[PDB]
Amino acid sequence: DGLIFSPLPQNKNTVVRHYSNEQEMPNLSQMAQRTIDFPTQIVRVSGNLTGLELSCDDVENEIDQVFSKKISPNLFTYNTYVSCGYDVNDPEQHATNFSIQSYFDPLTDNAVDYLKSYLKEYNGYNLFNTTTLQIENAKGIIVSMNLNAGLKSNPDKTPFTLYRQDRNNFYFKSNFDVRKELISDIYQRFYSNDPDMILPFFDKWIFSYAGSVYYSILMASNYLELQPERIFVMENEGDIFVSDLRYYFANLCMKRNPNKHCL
(Lines of atoms letter the chains of each structure in order from A and count residues from 1; the text may use other names and numbers.)
(Lines give C-alpha, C1' and ligand atoms only; values in the text may rest on other atoms or scores of the structure.)
Protein backbone atom coordinates (compact mmCIF):
# COMPACT_ATOMS: atom_id res chain seq x y z
CA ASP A 1 0.00 0.00 0.00
CA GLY A 2 0.97 3.71 -0.49
CA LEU A 3 2.36 5.00 -3.84
CA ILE A 4 2.58 1.97 -6.28
CA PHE A 5 4.30 2.33 -9.73
CA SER A 6 2.43 0.54 -12.60
CA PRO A 7 4.37 -2.22 -14.47
CA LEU A 8 6.90 -1.14 -17.20
CA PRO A 9 5.96 -2.27 -20.76
CA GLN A 10 8.84 -4.86 -21.16
CA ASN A 11 9.51 -5.43 -24.96
CA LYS A 12 11.28 -8.55 -26.38
CA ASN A 13 15.04 -7.71 -26.81
CA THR A 14 15.23 -4.25 -25.17
CA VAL A 15 17.23 -2.92 -22.14
CA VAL A 16 14.80 -0.72 -20.08
CA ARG A 17 15.92 1.71 -17.27
CA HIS A 18 13.46 3.51 -14.90
CA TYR A 19 14.72 6.47 -12.77
CA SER A 20 12.23 8.30 -10.52
CA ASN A 21 11.97 10.17 -7.23
CA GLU A 22 8.18 10.78 -7.76
CA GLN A 23 7.62 8.15 -4.98
CA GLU A 24 9.17 10.59 -2.44
CA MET A 25 6.63 12.72 -0.56
CA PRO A 26 6.51 16.38 -1.71
CA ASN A 27 8.72 18.51 0.58
CA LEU A 28 6.58 21.71 1.11
CA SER A 29 9.58 23.54 2.74
CA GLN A 30 11.77 22.96 -0.34
CA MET A 31 8.95 23.74 -2.78
CA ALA A 32 8.20 27.08 -1.03
CA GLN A 33 11.72 28.11 -2.24
CA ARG A 34 10.29 28.24 -5.83
CA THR A 35 8.68 31.76 -6.09
CA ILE A 36 7.80 31.63 -9.87
CA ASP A 37 5.83 29.37 -12.27
CA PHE A 38 8.02 27.16 -14.52
CA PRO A 39 6.58 24.62 -17.00
CA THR A 40 7.10 20.86 -16.57
CA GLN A 41 9.91 19.69 -18.92
CA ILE A 42 8.99 16.83 -21.32
CA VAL A 43 11.29 14.51 -23.30
CA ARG A 44 9.71 12.15 -25.88
CA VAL A 45 12.71 11.24 -28.08
CA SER A 46 13.43 8.12 -30.18
CA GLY A 47 15.77 7.03 -32.96
CA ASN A 48 16.82 4.12 -35.21
CA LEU A 49 20.49 3.23 -34.39
CA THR A 50 20.83 0.33 -36.91
CA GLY A 51 24.30 0.56 -38.64
CA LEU A 52 26.04 2.90 -36.11
CA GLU A 53 27.63 -0.16 -34.35
CA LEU A 54 26.74 1.14 -30.82
CA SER A 55 26.26 -1.30 -27.91
CA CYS A 56 23.38 -0.67 -25.42
CA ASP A 57 26.06 0.35 -22.80
CA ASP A 58 27.34 3.09 -25.29
CA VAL A 59 23.72 4.36 -25.74
CA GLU A 60 23.07 4.30 -21.94
CA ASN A 61 26.44 6.14 -21.34
CA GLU A 62 25.72 8.97 -23.85
CA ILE A 63 22.15 9.49 -22.40
CA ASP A 64 23.66 9.53 -18.85
CA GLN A 65 26.40 12.12 -19.83
CA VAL A 66 23.94 14.57 -21.52
CA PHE A 67 20.63 14.04 -19.57
CA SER A 68 20.30 11.64 -16.54
CA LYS A 69 23.36 12.87 -14.50
CA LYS A 70 22.50 16.59 -15.15
CA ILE A 71 19.03 16.17 -13.46
CA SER A 72 19.75 15.61 -9.73
CA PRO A 73 17.05 14.28 -7.33
CA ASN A 74 18.13 17.10 -4.94
CA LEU A 75 16.98 19.86 -7.46
CA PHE A 76 14.26 18.08 -9.50
CA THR A 77 11.32 15.71 -9.31
CA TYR A 78 11.65 13.48 -12.38
CA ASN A 79 10.26 10.30 -13.84
CA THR A 80 12.37 8.85 -16.69
CA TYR A 81 12.20 5.69 -18.91
CA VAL A 82 15.25 4.93 -21.16
CA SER A 83 15.03 1.97 -23.61
CA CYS A 84 17.54 0.46 -26.02
CA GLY A 85 16.53 -2.30 -28.49
CA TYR A 86 19.26 -4.63 -29.72
CA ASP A 87 19.60 -7.16 -32.53
CA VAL A 88 19.64 -10.62 -30.71
CA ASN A 89 20.93 -12.26 -34.06
CA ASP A 90 23.87 -9.80 -34.69
CA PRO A 91 27.23 -11.38 -33.62
CA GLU A 92 27.90 -8.12 -31.67
CA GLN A 93 24.22 -7.57 -30.54
CA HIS A 94 24.57 -3.82 -31.54
CA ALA A 95 21.79 -1.37 -30.48
CA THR A 96 19.04 -0.98 -33.20
CA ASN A 97 16.89 1.79 -31.54
CA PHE A 98 16.44 3.87 -28.37
CA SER A 99 13.88 6.07 -26.60
CA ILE A 100 13.83 8.59 -23.73
CA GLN A 101 10.48 9.36 -22.08
CA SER A 102 10.78 11.88 -19.19
CA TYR A 103 8.92 14.57 -17.31
CA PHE A 104 10.76 16.66 -14.66
CA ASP A 105 10.20 19.88 -12.61
CA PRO A 106 12.72 22.23 -10.91
CA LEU A 107 11.82 22.29 -7.13
CA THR A 108 13.40 25.69 -6.14
CA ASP A 109 14.52 29.08 -7.58
CA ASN A 110 18.16 27.75 -7.56
CA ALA A 111 16.99 24.63 -9.54
CA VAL A 112 15.24 26.97 -12.05
CA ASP A 113 18.53 28.94 -12.54
CA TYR A 114 20.49 25.65 -13.01
CA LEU A 115 17.77 24.39 -15.45
CA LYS A 116 17.84 27.56 -17.68
CA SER A 117 21.63 27.03 -18.02
CA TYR A 118 21.26 23.22 -18.69
CA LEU A 119 18.68 24.05 -21.46
CA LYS A 120 20.92 26.75 -23.14
CA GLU A 121 23.83 24.16 -23.45
CA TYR A 122 21.93 20.83 -24.03
CA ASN A 123 18.52 21.62 -25.58
CA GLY A 124 18.81 20.30 -29.18
CA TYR A 125 21.94 18.11 -28.45
CA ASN A 126 22.69 15.75 -31.40
CA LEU A 127 22.11 12.16 -30.10
CA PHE A 128 24.20 9.64 -32.16
CA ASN A 129 23.82 11.93 -35.30
CA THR A 130 20.29 10.43 -35.55
CA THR A 131 17.95 12.64 -33.49
CA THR A 132 18.11 15.59 -31.11
CA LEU A 133 17.45 15.77 -27.38
CA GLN A 134 14.33 18.02 -27.54
CA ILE A 135 13.22 19.18 -24.06
CA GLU A 136 9.71 20.65 -24.41
CA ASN A 137 7.61 22.90 -22.06
CA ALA A 138 4.24 21.36 -21.21
CA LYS A 139 1.63 24.17 -21.43
CA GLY A 140 -0.15 22.51 -18.42
CA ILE A 141 -1.51 19.19 -17.06
CA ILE A 142 -5.04 17.85 -16.70
CA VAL A 143 -5.35 15.36 -13.81
CA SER A 144 -8.23 12.93 -14.43
CA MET A 145 -8.34 11.26 -11.08
CA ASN A 146 -10.22 8.06 -10.34
CA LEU A 147 -11.30 7.00 -6.76
CA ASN A 148 -12.09 3.32 -6.02
CA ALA A 149 -13.73 2.26 -2.68
CA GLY A 150 -14.41 -1.36 -1.73
CA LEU A 151 -13.79 -4.48 0.39
CA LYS A 152 -10.67 -6.67 -0.27
CA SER A 153 -10.64 -10.05 1.61
CA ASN A 154 -6.89 -10.87 0.91
CA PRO A 155 -4.51 -7.87 1.14
CA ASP A 156 -1.68 -9.68 -0.79
CA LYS A 157 -3.93 -10.10 -3.94
CA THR A 158 -5.38 -7.69 -6.60
CA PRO A 159 -9.13 -8.62 -6.67
CA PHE A 160 -11.61 -6.67 -4.45
CA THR A 161 -15.37 -5.97 -4.22
CA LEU A 162 -15.82 -2.49 -5.86
CA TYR A 163 -18.54 -0.50 -3.98
CA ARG A 164 -18.18 2.92 -5.69
CA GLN A 165 -16.05 4.61 -8.37
CA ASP A 166 -15.83 8.44 -9.01
CA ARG A 167 -13.81 10.61 -11.46
CA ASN A 168 -12.91 14.31 -11.13
CA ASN A 169 -10.74 16.53 -13.45
CA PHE A 170 -8.43 19.53 -12.61
CA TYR A 171 -6.07 21.77 -14.60
CA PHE A 172 -2.62 22.59 -13.07
CA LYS A 173 0.16 24.76 -14.62
CA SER A 174 2.82 22.02 -13.93
CA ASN A 175 3.48 18.63 -12.28
CA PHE A 176 5.22 20.77 -9.59
CA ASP A 177 1.75 22.35 -8.78
CA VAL A 178 0.10 18.86 -8.88
CA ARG A 179 2.63 17.64 -6.22
CA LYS A 180 2.42 20.82 -4.09
CA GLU A 181 -1.45 20.95 -3.93
CA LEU A 182 -2.97 17.52 -4.71
CA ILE A 183 -0.21 14.96 -3.89
CA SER A 184 0.74 16.61 -0.53
CA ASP A 185 -3.02 16.59 0.43
CA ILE A 186 -3.25 12.84 -0.42
CA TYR A 187 -0.43 12.14 2.14
CA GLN A 188 -1.96 14.57 4.76
CA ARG A 189 -5.71 13.67 4.50
CA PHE A 190 -6.48 10.60 2.23
CA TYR A 191 -4.42 8.40 4.63
CA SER A 192 -6.43 9.44 7.75
CA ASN A 193 -9.37 7.74 9.59
CA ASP A 194 -10.22 11.22 11.11
CA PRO A 195 -13.62 11.98 9.46
CA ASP A 196 -12.77 15.74 9.55
CA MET A 197 -9.63 15.05 7.44
CA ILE A 198 -10.83 12.49 4.88
CA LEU A 199 -14.44 13.73 4.36
CA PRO A 200 -13.29 17.30 3.54
CA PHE A 201 -10.50 15.84 1.27
CA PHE A 202 -13.40 14.12 -0.63
CA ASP A 203 -15.42 17.44 -0.74
CA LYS A 204 -12.44 19.24 -2.30
CA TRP A 205 -11.17 16.60 -4.81
CA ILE A 206 -14.09 14.15 -5.60
CA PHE A 207 -17.32 16.33 -5.56
CA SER A 208 -18.58 19.12 -3.24
CA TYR A 209 -20.83 16.85 -1.03
CA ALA A 210 -18.80 13.58 -1.57
CA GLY A 211 -18.11 13.81 2.22
CA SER A 212 -21.83 13.15 2.94
CA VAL A 213 -22.13 10.31 0.37
CA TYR A 214 -18.91 8.49 1.42
CA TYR A 215 -19.31 8.45 5.28
CA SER A 216 -21.39 5.18 5.10
CA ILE A 217 -19.31 3.79 2.18
CA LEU A 218 -15.99 4.35 4.10
CA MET A 219 -17.43 2.58 7.15
CA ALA A 220 -18.27 -0.45 4.96
CA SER A 221 -14.98 -0.33 2.92
CA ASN A 222 -11.43 -1.51 3.87
CA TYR A 223 -9.57 -0.57 0.65
CA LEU A 224 -9.38 2.69 -1.40
CA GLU A 225 -7.36 3.63 -4.52
CA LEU A 226 -6.60 7.03 -6.16
CA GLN A 227 -5.32 6.99 -9.79
CA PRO A 228 -4.37 10.56 -10.73
CA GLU A 229 -3.81 10.21 -14.56
CA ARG A 230 -1.44 13.09 -15.59
CA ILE A 231 -2.43 14.28 -19.14
CA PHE A 232 0.28 16.79 -20.22
CA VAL A 233 -1.11 19.47 -22.61
CA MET A 234 1.53 20.48 -25.14
CA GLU A 235 1.77 23.77 -27.04
CA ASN A 236 0.47 22.51 -30.48
CA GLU A 237 -3.33 21.98 -30.89
CA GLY A 238 -4.24 18.30 -30.25
CA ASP A 239 -0.83 17.31 -28.81
CA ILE A 240 -1.14 15.48 -25.43
CA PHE A 241 1.55 13.41 -23.70
CA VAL A 242 0.81 10.67 -21.12
CA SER A 243 3.88 8.94 -19.72
CA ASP A 244 3.84 5.09 -19.60
CA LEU A 245 5.32 5.93 -16.15
CA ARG A 246 2.10 5.66 -14.04
CA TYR A 247 1.61 5.57 -10.21
CA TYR A 248 -1.51 5.05 -8.00
CA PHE A 249 -2.25 5.35 -4.26
CA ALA A 250 -3.44 2.18 -2.51
CA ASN A 251 -4.92 2.65 0.99
CA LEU A 252 -5.17 -0.65 2.96
CA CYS A 253 -7.56 0.53 5.72
CA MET A 254 -7.70 -3.14 6.82
CA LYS A 255 -4.13 -2.84 8.13
CA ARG A 256 -3.89 0.93 9.01
CA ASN A 257 -6.96 1.46 11.34
CA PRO A 258 -7.88 -0.43 14.58
CA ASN A 259 -11.48 -1.30 13.35
CA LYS A 260 -10.00 -2.62 9.97
CA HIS A 261 -12.28 -0.24 7.91
CA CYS A 262 -11.72 3.21 6.31
CA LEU A 263 -13.97 4.83 9.00
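Start at 1 with the first residue shown and count on from there.
Engineer: If you take the mean CA temperature factor per stretch, which one wins between 86-94 and 168-176?
Structural biologist: Higher mean C-alpha B-factor: 86-94.
Engineer: Comparing average C-alpha B factors as deposited, tell me which of 124-132 and 139-147 sits higher.
Structural biologist: So the stretch with the higher mean C-alpha B-factor is 124-132.
Engineer: I'd like to know which of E53, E225, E229, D203 has the highest C-alpha temperature factor in the PDB entry.
Structural biologist: Within the set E53, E225, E229, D203, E53 shows the top C-alpha B-factor.
Engineer: If I read the C-alpha B-factors straight from the PDB entry, which of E181, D109, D105, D156 is highest?
Structural biologist: Highest CA B-factor of the listed options: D156.
Engineer: Would you check the entry's CA temperature factor for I186 and let me know if it's in the chain's lowest, middle or highest third?
Structural biologist: Answer is lowest: the recorded C-alpha B-factor places it there.
Engineer: Based on the deposited C-alpha B factors for this chain, I'd like to know if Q10 is in the lowest, middle or highest third.
Structural biologist: Highest third - that is where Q10 ends up once the chain's C-alpha B-factors are sorted.
Engineer: Using only modelled residues of the chain, where does the Cα B factor of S72 rank: lowest third, middle third or highest third?
Structural biologist: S72: CA B-factor falls in the middle third of its chain.
Engineer: Split into thirds by Cα B-factor across the chain's modelled residues, where does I63 land: lowest, middle or highest?
Structural biologist: Answer is middle: the recorded C-alpha B-factor places it there.
Engineer: Ranking every modelled residue in this chain by its Cα temperature factor as given in the entry, which third contains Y78?
Structural biologist: Its C-alpha B-factor belongs to the lowest third of this chain's values.
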